[PDB]
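In: Only the shape, not the letters, is given here:
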């Protein structure tokens with residue numbers, strides 16, 4: 001626990017060759033793995049410095065989302081870039097916006113009004129029109145569309161791919177993720193769209209405390225990813 005106490009007075013950033021560095025007094029911040037922490041932009045450097053300047057008495061890895069995502073980018077995503085990109089790309093074949101409920105009518109309508117504009121956006125802007133199904137039996141997507149979607153993901157930089165991760169896996173939609181990083185919608189909107197079903201059920205049959213707690217947790221993480229994406233551009 002001694003290792004968690006703050007021992008610095010000031011936090012600053014330094015140019016540094018391979019990206020920006022964050023300095024606790026004179027000492028460079030490093031990743032939990034001893035690897036030097038290098039950020040692609042001064043905007044992210046500055047934001048991470050604020051997290052470390054805000055440390056009270058003890059370091060709380062949970063109150064430091066930007067630092068945590070930067071560590072992941074450096075230690076996990078960049079080195080396994082292709083694998084991560086392939087995994088996010090797979091969501092194109094099982095995208096939430098592609099599966100509509102069969103009933104009741106009011107829910108089918110809610111899904112169409114909320115999701116059809118995003119499916120349209122994907123067909124128009126990403127040239128990735130998705131086949132949509134009603135029910136639970138998986139419908140086959142055009143192989144070419146799936147490849148374009150995987151390319152959209154794989155064309156990202158490592159810090160950007162790190163941001164996209166939660167924006168796709170939490171709501172369970174590659175389109176909602178891409179729509180956020182492309183500015184078509186913001187994270188809170190993507191979160192609201194992803195839970196049309198959950199919200200529908202809640203209003204008609206009653207809220208579920210744990211599900212609401214789980215949704216609040218997903219939204220917070222999605223906003224963290226969105227913030228990380230913008231700071232790293």
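Out: Received the coordinates, thanks. Numbering: from 1, shown residues only.
In: How about the contacts made by residue 194?
Out: If you count contacts by C-beta atoms under 8 Å, 6 or more residues apart in numbering, residue 194 has them with 96, 170, 171, 172, 173, 176. C-beta here means a position set from N, CA and C on the backbone, and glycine is covered the same way.
In: and which of these is nearest residue 118?
Out: Of all the contacts of residue 194, the one sitting nearest residue 118 is residue 176; the distance, using C-beta to C-beta, is 7.0 Å.
In: circling back: state the pair within the contacts of residue 194 that is farthest apart.
Out: Comparing all pairs in the contacts of residue 194 by C-beta to C-beta, the longest separation belongs to 96 and 170, at 10.6 Å.
In: Any chance you could list what contacts the longest helix along the chain?
Out: Taking DSSP state H as the criterion, the chain has its longest helix at helix 209-231. Among residues not part of helix 209-231, those counted as contacts by C-beta under 8 Å, 6+ apart are 41, 43-44, 47, 65-66, 69, 159-160, 162-167, 170-171, 180-181, 186-188, 190-191, 195, 198, 202.
In: Give the buried residues for that helix.
Out: 215, 218-219, 221-229, 231 (16 or more other C-beta atoms under 10 Å).
In: Repeat that for stretch 128-139.
Out: For stretch 128-139, by 16+ other C-beta under 10 Å, it's 128, 130, 132.
In: Could you do stretch 20-37 as well?
Out: For stretch 20-37, burial by neighbour count (16+ other C-beta under 10 Å) applies to 20, 21, 22, 23, 24, 29, 31, 37.
In: so of the residues you listed, which ones are in helices?
Out: With helices defined by DSSP H, no entry of these lies inside them.
In: For those residues, could you give me TSV that also reports distance to residue 55?
Out: As requested, the buried residues of stretch 20-37 are exported to TSV (distance: C-beta to C-beta, whole Å):
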residue	distance to residue 55
20	19
21	18
22	12
23	14
24	9
29	12
31	17
37	16
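In: Residue 88 is in contact with residue 165, correct?
Out: Yes: using C-beta atoms under 8 Å, residue 165 makes contact with residue 88 at a distance of 6.5 Å.
In: which SS class is residue 192?
Out: State at residue 192, reduced to three classes by DSSP: H, G, I helix; E, B strand; the rest coil: helix.
In: ok, how many other residues are close to it?
Out: A count of neighbours around residue 192, defined by other C-beta atoms under 10 Å, yields 16.
In: Outline the domain layout of this protein.
Out: With curated CATH domains serving as the domain definition, the record reports that the chain contains domains spanning 1-63, 64-233.
In: measure the last one end to end?
Out: Its first and final residues considered, domain 64-233 spans 20 Å by C-alpha to C-alpha, to the nearest Å.
In: starting at the chain centroid, how far to that domain?
Out: For domain 64-233, the separation from the chain centroid amounts to 8 Å (computed by C-alpha atoms, centre = their mean, to the nearest Å).
In: Same question for the shortest one.
Out: On the basis of C-alpha atoms, centre = their mean, domain 1-63 is displaced by 22 Å from the centre of the chain it belongs to.
In: and the end-to-end length of that domain?
Out: Its first and final residues considered, domain 1-63 spans 17 Å by C-alpha to C-alpha.
In: Please apply the same query to stretch 13-25.
Out: End-to-end distance (C-alpha to C-alpha), stretch 13-25: 10 Å.
In: Fine by me, thanks again.
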